[PDB]
Amino acid sequence: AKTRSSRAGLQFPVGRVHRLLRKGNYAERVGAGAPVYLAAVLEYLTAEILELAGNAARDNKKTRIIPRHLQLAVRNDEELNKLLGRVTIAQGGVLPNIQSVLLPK
Amino acid sequence: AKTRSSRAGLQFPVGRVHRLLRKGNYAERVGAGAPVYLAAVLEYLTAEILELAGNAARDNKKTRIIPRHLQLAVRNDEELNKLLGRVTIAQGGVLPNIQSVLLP
Amino acid sequence: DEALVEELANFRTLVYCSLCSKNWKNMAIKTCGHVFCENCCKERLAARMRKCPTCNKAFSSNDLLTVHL
Amino acid sequence: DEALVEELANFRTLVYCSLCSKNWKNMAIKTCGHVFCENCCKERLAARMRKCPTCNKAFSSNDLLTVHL
Amino acid sequence: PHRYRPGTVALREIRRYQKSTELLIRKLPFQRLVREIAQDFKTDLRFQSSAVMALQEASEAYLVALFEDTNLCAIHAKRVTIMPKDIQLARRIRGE
Amino acid sequence: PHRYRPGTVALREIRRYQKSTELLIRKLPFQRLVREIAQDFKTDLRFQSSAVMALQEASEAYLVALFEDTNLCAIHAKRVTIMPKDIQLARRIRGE
Amino acid sequence: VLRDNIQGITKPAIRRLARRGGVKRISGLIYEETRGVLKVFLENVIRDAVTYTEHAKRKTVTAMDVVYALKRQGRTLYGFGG
Amino acid sequence: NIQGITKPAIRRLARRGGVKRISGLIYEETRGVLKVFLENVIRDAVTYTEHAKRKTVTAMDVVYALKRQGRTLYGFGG
Amino acid sequence: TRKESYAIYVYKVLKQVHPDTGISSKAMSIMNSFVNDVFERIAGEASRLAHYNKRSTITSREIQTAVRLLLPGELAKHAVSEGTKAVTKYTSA
Amino acid sequence: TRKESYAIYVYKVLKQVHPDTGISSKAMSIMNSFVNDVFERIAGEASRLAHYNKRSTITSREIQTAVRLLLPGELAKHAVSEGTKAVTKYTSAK
DNA sequence: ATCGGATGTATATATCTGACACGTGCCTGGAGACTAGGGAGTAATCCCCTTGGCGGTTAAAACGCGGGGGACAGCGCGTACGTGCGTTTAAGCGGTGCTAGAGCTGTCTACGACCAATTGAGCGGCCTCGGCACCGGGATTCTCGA
DNA sequence: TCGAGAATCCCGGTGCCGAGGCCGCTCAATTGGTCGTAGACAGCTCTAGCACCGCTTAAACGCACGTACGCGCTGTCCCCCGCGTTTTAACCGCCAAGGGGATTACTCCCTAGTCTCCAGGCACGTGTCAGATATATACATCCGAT
Ligand SMILES: [Zn+2]
Ligand SMILES: [Zn+2]
Ligand SMILES: [Zn+2]
Ligand SMILES: [Zn+2]
C-alpha cells in the first residue's frame, strides 16, 4: 500500500494537510485534489529559501545554517522581501548599509 | 408568544444574529446567551455615532443626515476616529484646517 | 583564405556572448570569472536561475562585475 | 580583402594585452573594470604601481580577479 | 489693473475646496484611463457604472491624503513650495 | 599624544554593531521594568523566561527600525544630527 | 484600442486636489511625478478585481469586486454595498 | 524602573541604526516612546493570560498579542 | 427574491435619540455597512480565541473578552457594562 | 505526550538542494513557524472565495486563485506551474 | 498707523420638484415543545519550574576636561511661479437602438461524508564524535601630523 | 607627500556539547463499500451596457508681467566627541522551598435536531414638503495712497 504523497511524487505529507484542512472550520466539505495542490506549494517556497540560505551559509565559511543566514536570504531579494514584509526574525540583525552623505571625503 | 429580543429589551433582532452566527463557519456550537450579548453591543455603537451625526446636522440648520455629517462626527471624536482608522466614507470630504505657518 | 577566416571565426566566438552571439562580452561573475553580455545575464536573473551556464556554480546579483574591452 | 583584415587586428588588439601584445586578457581589475594579462600585472606591484594605466587609479591585493576567455 | 498679492487668492481656494464634497477629476477622461489600463490583464471586458464610480471615489482620497503628508516634509525643511523630493520621502517612510 | 578626528570612531563602531547579532540592552533592568509595568493591570503575576526574551527582541527590533527612519528625515533638512522634531515627524508620518 | 489617455489628468485637475490637501505653492516638476503615482495605485486594485471577476466565470466587472479588492489592501470603503 | 535604560545602551541602538551624531535631548524622548509600546503589548498579553484562568503569562500570549498588532515574530513557536 | 438589511432597526434606534430628524438613503447604506463590518470583525476574533483553548462553543465569555481587545479605552468600559446588563434581564425572564 | 512538526520534512527537502549542509535548532524552529504562517494565510483566503459565490466545497480552483492573490509577481507563476503539474500526475496515477 | 474704493461672501424671500415617509398584501423564517448524547464542570495529585537568597569577578557605567566642527543667523541675487485676459476645445446632457450577457429554473449523476479492519510511519529516548568556540602569534592594512 | 602607531585579519592548536543516527512502539493513514445531496448543464427571459448624434458653454490653454522666495556665501560660539580615572552592580555558580500547570476519572445538563404554526419583515404603490435654484441686499476684507 503506497502513500498519497508518494503517489503524487512529493516530499511533504498530503494526509496531514488533508486532516488539518478538515479540522479547522474552513468549509463544510473539502475536495479530493485540494491537499495535493496545497502541499506542492508549501514545498516550493521552502526549497527556495533553503537554497538561497545555503549560499550565505557558505560565503561565511560555515557548514551549518543559523538564523543570521536566514536573515540575509529574505532581505536581499525583492520577491521574498515583499512577502515577509512585516516579519521580525529572532537573532537576525540588520543589513549593512551606510548613507553616502556620512562618509568622509 | 413573545419575541426573543423583547425579553432582553433591545431593538436589534436576536434571532437573525443567532442564525447568522450559527451559519458563518465560526465554531461548531453556539451558546444560548451569545446572541443576546452580541446584539446589545451592536446597538450601542450605532446610537453613539448617530447622536453625534444628529447634533452635527442640527448645527447646520438642516433636518436630515447627509454623509458629510457622518464624516464630521467620526473625525471630530478621538475614540471613534481610532476605531474607524483605515476606512473611507464616500462623499465624505475633509476636516477644515490650515497650517499655522502658511498664514500671513 | 579559410585559415584567415577561421581565425576570424575563432576570435568571433571570444568577443560575443555565447548565449546571444550578438553583443560583446560585458558582464562577468565574481564566483567563477566567466564573462558574458549584460543583456543575456539580467533576463536569467528574472527567471530564477542562479546557476552558471558553464561552471554551474551558484551566484547572486551582487557578484556581477562589468568588464571593458 | 583588407576589409576583414582590419577587423581581425581590431579583434586581436581587443583580446591581446595592450601592454605586451603577447598574452590574453586574463587578469582584470576589480576597481574600474579594465582587463589585462597576469604577466603585466605583478610586475607593476614590484614597484607598488597601484595606479591603473587606463584611468589611473590606485588598487590593492583583492582588486585583482582571475577571468577566463 | 486691480491685481492681488501673490498668494492671497491661493489662500482662499483652500477654504473653498475644504468645505465642499464633490469629485475633482473629469468623469469621461478618468473612465477612459481605467479601460485603457484594464485591457492588458484580460481583453474585451465590461464595467458597471458603479464600479467606475467606486474606483474614482478611492483615488481622490488616496491622492488627497498623500498631499497632506508631503506638505509636512516641506515645512520641516523651511519651505512652502513642495518639490518632487518630498513625495519620494513621504512615500518611502510609510513603506511603498 | 595621539587622538582621532571626531567621527572615525563613530563610523567604525557603526560598522561593528551592524555585523553582530546579540541583544544591546542589559537583561536584569529590562526584566525589572517589565515586572513594574505589568503591575498596574493585575497584581501578583508570574512570567516565563521566554516571554521576557520575546518582549526584549520585539522592543529592540522596533527601536532599531525607528532610529533608521528618523535619520532619513534628519538628512532631508541638510543636517547630520538627529533631533526630537525629526523623531516626531517620523512617528506622525508613519501613522501612529 | 485607446492609448496615451494618462494626459486626461490635467494640471488644473491635479492642482485642485492639492488645494484640498492644503498646500499653498506648487513646484513645476510635480505634475509628472504625480501622474506616475496614480498610474501605479490603479494597477494593484484592478489586477485583483479582474482576478475576482474571472473566478466566478463572469465577463463584466461588478461593484462588489472593487470593494473586495480595496478591502484586501486595508482600504475598506463604505457606501457602495460593503 | 525606567532609569535602567542607560544612555550608552540607547546610543548603541542608534549606532546599529546608522546615525553618526546624536543631540543631547534624544534619550528622554526615546524612553517615553518605549514606555508607550511596552504598555500596548503587555495589556493584550495580560488579557490573553487572564481569559484562560491562568496566573502566569506565557510566551505564547506575548506572541499572539504581537501578532494581532500587525507585528508577527518568528522563532518562539506557533 | 429578497435581501436583508438593518434599515428598520437603525431607523427605530434613530427615532429614539432624535425624535424629529430624518436620514437620507445614501447615508443609510453607510450605516448598513458599518454594522456589518463591526459584527464581522468582532465575531471573527471569538472563533480564533476559542481555538487557542481547545474549546468548541463560543459563549458570552468569549465575546466579553473579544470586545475588550478591539474597542479602545472608554468605549469598551461602556459596551461591556451594557452587554452584561442585557443578559441578566434575559435570563430572569 | 505527542507533538507534531515539519522538522522531518524540511530536513528531507534540504538534502536535495545542498547534499552536505546541516541546520541548527533555532533555524529549524523558524523554518517550522514559517510554513504554518503561510498555510494559515492561503486557506484563510480560500475560504472567503468559497463563501462569496454561495458555494460549500473548497476544491482545487480556490487554492489556485488564492495563490495568485497573495504571492507577489513572478513567484505566483512558478507556484501555479508546480501545483498544476503535481495534480495531473496524481490524478492519472495507480 | 489711518481712510477709501472695489471685490467677493453672507442674508432674506419666491417656486417647484423629486425623494422621503407611510400604508397594504402575503409568505417564509422565527417561536414552542420534546428528545438524546456528548462537551464541559469539578475533585485529586504530582512534579516541574519560578521565586528568593548568597558570595566573587570584573566589565560596564559614571564623571570631568579640552577643543574643534557643525548648527544657526544675516545678506544678496536672479530665476521660477502666481495672476489676469482672450481664444479654443471637448465635456455634459438629452434622446434613440440594438443585442450580449446576467439571473433564475428543472434534471440527474458523480463525488465526498461515514464506518469497520490493518499495518507501517513517525515520535520519544540514548549515544557519540566533529564542527565551532576560544586563545595566543605574526602580517597586513588604515589614520594623522609632518 | 609618508613614517609611527593602533586596529584588524590569517593561522594553528585545544576542547566540548549539540546535531545526527539508531531502535522500539503506539495510533493514524490506507482499503474497501455505501449512499445521498451539491453542483454541472441546458434553456428561457429581460435589462442594462454600449454605440451614435446634436447643442450649449464651462473649462482647459497659451501668453505677458512682476516679485516673493530658494539658494549660495560668510561669520561667530557653543556643545558634542575622545580619552582617562573611579565607583557600581550585572553576571555566574549554587542552593532550597512550594505553587500551580498538566493529567486523569466521573457525572450531568445544555445545545443540536425535528415537527408544527403564524405573525413580522419585505416588495409595491402614493402623497407632499425640504431643499436646491434664482435674485436683490448688507457687509467683511483687502490693497493702496497718505
Ligand atoms: Zn549575450
Ligand atoms: Zn561559471
Ligand atoms: Zn601584458
Ligand atoms: Zn582604470
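Along the chain as shown, the residues are counted starting at 1.
Header says: electron microscopy, 3.5 Å.
Using N, Cα and C of the backbone, Cβ positions are placed for all residues, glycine too.
The ubiquitin cross-link annotation in Swiss-Prot covers A:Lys2. The feature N6-(2-hydroxyisobutyryl)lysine is assigned by Swiss-Prot to A:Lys23, A:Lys61, A:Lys62, A:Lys82, A:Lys105, with similarity to another entry given as support. If you look up Swiss-Prot, you'll see A:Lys82, A:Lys105 marked as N6-glutaryllysine. The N6-succinyllysine annotation in Swiss-Prot covers A:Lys82, and the record cites similarity to another entry as its basis. According to Swiss-Prot, the feature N5-methylglutamine maps to A:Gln91, an assignment based on similarity to another entry.
Of all the Cβ atoms in the protein chains shown, 6 others lie within 10 Å of the Cβ of A:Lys61 (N6-(2-hydroxyisobutyryl)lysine). Taking the Cα atom of each, A:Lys2 (ubiquitin cross-link) and A:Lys23 (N6-(2-hydroxyisobutyryl)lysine) are about 24 angstrom apart. Note on proximity: among A:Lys23, A:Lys61, A:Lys62, A:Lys82, A:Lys105, the modified residues of the record, the Cα nearest the residue listed as 'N5-methylglutamine' is that of A:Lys62.
Look at the residue listed as 'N5-methylglutamine': DSSP puts it in coil.
A:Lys23 (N6-(2-hydroxyisobutyryl)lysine) is 45 Å away from A:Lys61 (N6-(2-hydroxyisobutyryl)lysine) when you measure Cα to Cα. Using a CB-CB cutoff of under 8 Å against chain G, none of the recorded positions from A:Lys2, A:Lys23, A:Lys61, A:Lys82, A:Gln91, A:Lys105 qualifies. The Cα of A:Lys23 (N6-(2-hydroxyisobutyryl)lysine) lies closest to that of A:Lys82, out of the modified residues A:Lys62, A:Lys82, A:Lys105. Here the CA atom of A:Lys62 (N6-(2-hydroxyisobutyryl)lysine) lies 36 Å from the CA atom of A:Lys105 (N6-glutaryllysine). For A:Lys62 (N6-(2-hydroxyisobutyryl)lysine), the same-chain residues that are 6 or more apart in sequence and have a Cβ closer than 8 Å to its Cβ are A:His69. A simple way to gauge crowding: the CB of A:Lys23 (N6-(2-hydroxyisobutyryl)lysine) has 8 other CB atoms within 10 angstroms, across all the protein chains here. Cβ-based crowding with a 10 Å cutoff singles out A:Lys82 as the top-ranked of the recorded positions A:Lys2, A:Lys82. All protein chains included, A:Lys105 (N6-glutaryllysine) registers 2 other Cβ atoms within 10 Å of its own Cβ. When secondary structure is read from DSSP and collapsed to three states, A:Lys61 (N6-(2-hydroxyisobutyryl)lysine) falls in the coil class.
Among the recorded positions A:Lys2, A:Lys82, A:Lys105, the ones with a Cβ under 8 Å from a Cβ of chain J are A:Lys2, A:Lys82.
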